[PDB]
Amino acid sequence: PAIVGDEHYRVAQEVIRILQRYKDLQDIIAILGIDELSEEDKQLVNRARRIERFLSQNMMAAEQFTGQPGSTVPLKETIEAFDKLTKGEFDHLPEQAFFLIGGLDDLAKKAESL
Amino acid sequence: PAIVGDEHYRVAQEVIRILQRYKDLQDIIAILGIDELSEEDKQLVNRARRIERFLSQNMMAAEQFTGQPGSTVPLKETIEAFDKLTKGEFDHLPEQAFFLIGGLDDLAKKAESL
Amino acid sequence: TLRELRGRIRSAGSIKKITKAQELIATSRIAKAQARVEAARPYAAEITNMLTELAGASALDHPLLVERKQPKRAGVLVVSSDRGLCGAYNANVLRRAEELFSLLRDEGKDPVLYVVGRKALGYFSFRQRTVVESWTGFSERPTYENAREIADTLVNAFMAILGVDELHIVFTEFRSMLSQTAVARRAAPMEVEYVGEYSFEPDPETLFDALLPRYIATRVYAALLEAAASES
Amino acid sequence: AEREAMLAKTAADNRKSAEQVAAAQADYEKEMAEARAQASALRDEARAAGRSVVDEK
Amino acid sequence: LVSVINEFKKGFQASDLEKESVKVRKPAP
Amino acid sequence: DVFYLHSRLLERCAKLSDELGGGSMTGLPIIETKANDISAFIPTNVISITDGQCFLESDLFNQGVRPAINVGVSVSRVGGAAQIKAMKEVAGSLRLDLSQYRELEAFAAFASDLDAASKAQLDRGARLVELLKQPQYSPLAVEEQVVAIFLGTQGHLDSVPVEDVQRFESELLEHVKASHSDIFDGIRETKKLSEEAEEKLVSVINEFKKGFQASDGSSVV
Amino acid sequence: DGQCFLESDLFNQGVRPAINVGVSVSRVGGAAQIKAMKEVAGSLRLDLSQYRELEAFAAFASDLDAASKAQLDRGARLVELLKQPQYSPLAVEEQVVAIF
Amino acid sequence: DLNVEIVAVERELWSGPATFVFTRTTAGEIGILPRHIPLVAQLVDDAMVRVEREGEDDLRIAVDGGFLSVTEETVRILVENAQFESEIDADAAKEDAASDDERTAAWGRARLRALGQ
Amino acid sequence: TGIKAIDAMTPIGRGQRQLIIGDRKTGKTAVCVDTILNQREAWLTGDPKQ
Amino acid sequence: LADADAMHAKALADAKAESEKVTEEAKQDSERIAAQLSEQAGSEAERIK
Ligand SMILES: Nc1ncnc2c1ncn2[C@@H]1O[C@H](COP(=O)(O)OP(=O)(O)OP(=O)(O)O)[C@@H](O)[C@H]1O
Ligand SMILES: [Mg+2]
């Protein structure tokens, strides 16, 4: 909390908690199936899928392969975006919308493109 | 298989397979108990105990280790006996019947003595 | 020493895999057992409703509703699992059963065992306590036939043969997933529960008498289902 | 009486037909399976003869 | 020796609460 | 300098540029690990030096998984660049399938209680494991390997019993070579499994299935 | 020519004098016994080793066969028979009668 | 139309609407059509139930010692164990009908009666 | 190499350095002799590039 | 009933035809395998020579 802002630490810890809970539920999903989870578990699984896919990014190193310039997401924008993700504000967009996109502007544009 | 024949090779490799599975299961059996194994694995364990004890033999040089005289088992009889074991024809006999016998006739005699 | 440690680290890994598999299979079987518990709720509710109606129309002198004049023996149906790895499930059930036995002795009643599940048989045989009848091999997947047999034996003992003047059932109630509590219920004689406020064929006395054993059977079945869910 | 006869025999004929469709299916499948098993045995015997001839040569 | 063992074993002293209810649906008995 | 001793050696094994003729020298050093201790000094050194490792384990050998490469632990840093396109596309899902099978192996006794997808993965993995088994002194040409892995990854073995997979593959190739060599010739000459060749291969697999006698007496279709 | 591998674990269990039957062995064997002792105790060491192995195996089995249970009983009685307090030697005749 | 539901002790067995229900209670044979007065009765040990399903053909059920309840909302048949006519094994029912055990004989006879004898 | 496991899971491209590592009597010399044998089809082509 | 009898006879005839074709293909495959293995044996004998 000291070197980074308290908001940064809170958002990062929330993301870590969500991802850890999802990693725990992976065994149940793989063996018992998604439908054997509870509604709260399914909501968390959707949110964790979207979070972990939003952790991806269109790297500059990939510009040579696709052409899409790489994104340099400002730290504040990443913090607020993941605050929105962990609070469920983007749980209604398709998972493919979160792949390889830097920031909320790119998220919205890709969502509208799907 | 090109030297000892396909039958000998198959029986030897099946015996080794059963014994390796038994060695892998011995950790489970000592703690979780035999009752918690799969039915196939339980049958395999019963097979493997008898196979281990049947590999024991009353050798001539060990008369002063056991009192009883030594025995000689033809290779054909060994292959036949182990094919029967690995295939199940002796699962009904007690495992102690397979200890220090050396042959199928001795197996029958010791089983009757039990 | 290093060889021993690596062998132990192998065993522990195999045991971890087996126990994780068992945990996930138990998660599945909890869902199955809870679904069965819910599936039997309609019959229980409807039989209870018609039983209340008949009791309203009945005389309420059935043997299962009147305490014996001097209770000598009190049967106890201890519902335990038939396979291990169930944690303190059996331990909790049998601790509650022993507490019930102490309470019965404090009341002068001599407990007599009916035991469901192999583990309780071992527990009671080690302690030189005789089980009059025992049923095993269905605690994981109880059917209504097992409950019918258990209730029939219990009711026959109650009516009687040395017989028993009372009967309790100790089992692990499945209050919620996190929590399962060993509870003892007196399944006979049943208390008449008057509360603030139909036709019957044949007359409500015979119909009520033929229905009450069915009520005991369905309650024993619900107890077995809930014990299976708690075991899982 | 004949009314009865017809009803019952019609019953049994719809029975025969329902059982005979299954019987034709099962018999065709059994004959096909036997033919395929004999073909596999013939191929296996050919392979065994090939092994014997290669070994002897 | 076997006879001795058997005759000795002949004389050897071995050391060996909720309550189910029917709701009557009427207010008084 | 023992590390150097091995390094100085293994680094001769290189692929030369086109200016030097384009020749290459492939190294297959063999190391005996005592009690499967890959953390010993020489094993550590040569694992560091080399580009990849086929880890052979005696436990897998005794289970009958011979040639006994412990997939998963075994790695090749060159990766798909060292595979023809046919094998690259066919064997892409093989690694994930085997990993899932090793994860699911603890559930082999409860296949009734698993999800449909999980049970299908377990059944697929057992047959893939049987598929990777291979008799000694009998290497398979790349086209035959492509067809064999195609049988398993695409699900054509899902109907064959596990204990018969080794035979079903062995006969099927023996059939294809003798009668439908166009598939092998296409894979060899073009290095990829074309769509028309894939359809022909599927048709021949299905035709062979009808004439295949499972060791248990059942039919596979 | 042999071992008498005395085990602390066995010593604490009350198996005194602590011979781990499995590890212990005498390669002179029956040649160093009187014929009565040899005949009475010909397979005793191997029987006890098998008993120990089975006791480790049958630690938590609840469906032991009749032969297995008989083997455990015989082995436990033999183990009790081989217990012996310090400074209480037994003549060879008494030893053969005991193992008998 | 009647709301007819047949509830086995283990599970709910059938819930389709019907126009007429028919069964032999311990005190005689009875038929129920909508707006029947509330009733409670015990089906005979070897009883059978006919449910005149409005849409398709009637449903014949072998019932094991069930109870019958009629209510302003629904007609309930509580069942220890029941089988639809299509699920009955005719040979098994015939064999059981001769069984010495009272329960087994009654169940087999109920199966025969539901099947159509 | 001709071994389905190696050619599918851990492919060896010429110019690579692949280590066959394992305890005794596990199949290493077998793997390498199989690899050597598998090159006969390439040799019989007569093309130095193969 | 008449249709089922005719279709059963047709199915038996079709099974006979399928068995004939299958055994013909089996003889063809046996000849192919024998030729391949004899060629292999000849090649191995020539290599030994
Ligand atoms: N794929 C295989 N299928 C069947 N048997 C095999 C296979 N690979 C090896 N073997 C057998 O396993 C044994 C060990 O083979 P190999 O000689 O190649 O081992 P190695 O690992 O080189 O060991 P060593 O240290 O003895 O040289 C031999 O019997 C060989 O025939
Ligand atoms: Mg070698």
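Residues numbered from 1 in each chain as written, not as in the entry; some residues may be left out. Chains lettered and ligands numbered in written order. Part of a larger assembly, values for the part shown. Heavy atoms only, no water. Residues with missing side-chain atoms left out of burial classes, pairs and counts.

Draft legend 1. Representation of the site of ligand 1. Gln 136 of chain F together with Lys 25, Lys 28, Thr 29 and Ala 30 of chain I are the nearest of the 13 residues found near ligand 1. Of the chains in the model, those with residues near ligand 1 are chains B, F and I. Take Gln 136 of chain F: an N or O atom from its side chain is 2.5 Å from an oxygen atom of ligand 1. The side chain of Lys 25 of chain I places a nitrogen or oxygen atom 2.4 Å from an oxygen atom of ligand 1. (Near = heavy atom within 4 Å. Polar contact = N/O pair within 3.5 Å; in protein donor to acceptor, adjacent residues only side chain to side chain.)

Draft legend 2. Spatial organisation of the interface of chain I and chain F. Residue-level contacts link 37 residues of chain I with 62 residues of chain F. Here chain I and chain F share an interface that buries about 4100 Å² over both sides, 61% of which is from carbon and sulfur atoms. When the buried area of chain I at its contact with chain F is split by residue, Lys 4, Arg 17 and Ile 21 of chain I rank highest and sum to 23% of it. Counting the contacts that link chain I with chain F gives 3 salt bridges. Here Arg 17 of chain I and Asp 51 of chain F are joined by a salt bridge, their closest N and O atoms 2.7 Å apart. Taken together, the connections running from chain I to chain F amount to 29 residue pairs in polar contact. For the side of chain I that touches chain F, the secondary structure elements donating two or more residues are α1 (4-9), β1 (18-22) and α2 (28-38) of chain I. For the side of chain I that touches chain F, the residue count by class is 15 nonpolar, 13 polar and 9 charged. (Contact = heavy atoms within 4.5 Å. Buried area = accessible area lost by both parts, 1.4 Å probe. Salt bridge = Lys/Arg side-chain N within 4 Å of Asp/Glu carboxyl O. Helix = DSSP H or I, 4+ residues; strand = E, 2+ residues; numbered from the N terminus. Nonpolar A, V, L, I, M, F, W, Y, C, P; charged D, E, K, R; others polar.)

Draft legend 3. Summary view of the sheet that holds strand β2 (residues 110-116) of chain C. In space, the 6 strands of this open sheet follow the order β3(C)-β2(C)-β1(C)-β4(C)-β5(C)-β1(E), with mixed pairing throughout. Two strands bound the open sheet, and with one partner strand each, they are β3 (131-135) of chain C together with β1 (18-23) of chain E. When strand polarity is set aside, the average angle formed by the axes of neighbouring strands in this sheet is 30°. Judged from the 5 bridges that link them, strand β5 (residues 181-193) of chain C and β1 of chain E form a sheet pairing that is parallel. What sits directly across from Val 192 of chain C, in β1 of chain E, is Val 22 of chain E. Contacting β1 (73-79), β2, β4 (167-173) and β5 of chain C, helix α3 (residues 89-106) of chain C runs over the sheet at an angle of about 170° to β1 of chain C. (Pairing = 2+ DSSP bridges. Axes fitted to C-alpha atoms, helices over the stretch in contact; angles between N-to-C directions.)

Draft legend 4. Broad picture of the packing of aromatic side chains. Applying the stated rule across the entire model yields 13 aromatic pairs over all chains. Residues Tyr 114 of chain C and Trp 135 of chain C carry aromatic rings whose centres are separated by 6.4 Å and whose planes lie at 25° to one another, so their mutual orientation is stacked. Note that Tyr 114 of chain C is positioned in strand β2 and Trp 135 of chain C in strand β3, a separation of 21 residues in sequence. Their ring planes at 85° and their centres at 5.3 Å tell us that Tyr 123 of chain C and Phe 124 of chain C sit as a pair that is edge-to-face. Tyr 123 of chain C gets classed as partly exposed once you look at its relative accessible area, which sits at 22%. The exposure class of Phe 124 of chain C is buried, given its relative accessible area of 0%. Here the aromatic residues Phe 54, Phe 82, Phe 90 and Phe 98 of chain B are joined through ring pairs into a cluster of three or more. One residue, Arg 49 of chain B, lies across the ring of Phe 57 of chain G, its end atom 4.0 Å from the ring centre. Directly above the ring of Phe 158 of chain C sits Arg 68 of chain C, whose terminal nitrogen or CZ lies 5.4 Å from the centroid. (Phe/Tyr/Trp six-rings, centres within 6.5 Å; stacked < 30°, edge-to-face > 60°. Buried < 20%, exposed > 50% of the residue type's maximum accessible area, 1.4 Å probe, protein only. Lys NZ or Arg CZ within 6 Å of the ring centre and 35° of its normal.)

Draft legend 5. Focus on a nonpolar patch on the surface. On the surface, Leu 1, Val 2, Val 4 and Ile 5 of chain E together with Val 40, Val 97 and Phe 100 of chain G cluster together into a nonpolar patch covering about 550 Å² of accessible area. Ranked by residue count, the leading element in the nonpolar patch is helix α1 (residues 2-11) of chain E, at 3 residues. Among the structural elements, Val 4 of chain E can be located in helix α1. For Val 4 of chain E, a relative accessible area of 43% puts it in the partly exposed group. (Patch = residues over 30% accessible without salt bridge, like charges linked within 9 Å, V, L, I, M, F, W, Y side chains within 5 Å. Areas by Shrake-Rupley, 256 points an atom, 1.4 Å probe, with all protein chains shown as cover.)

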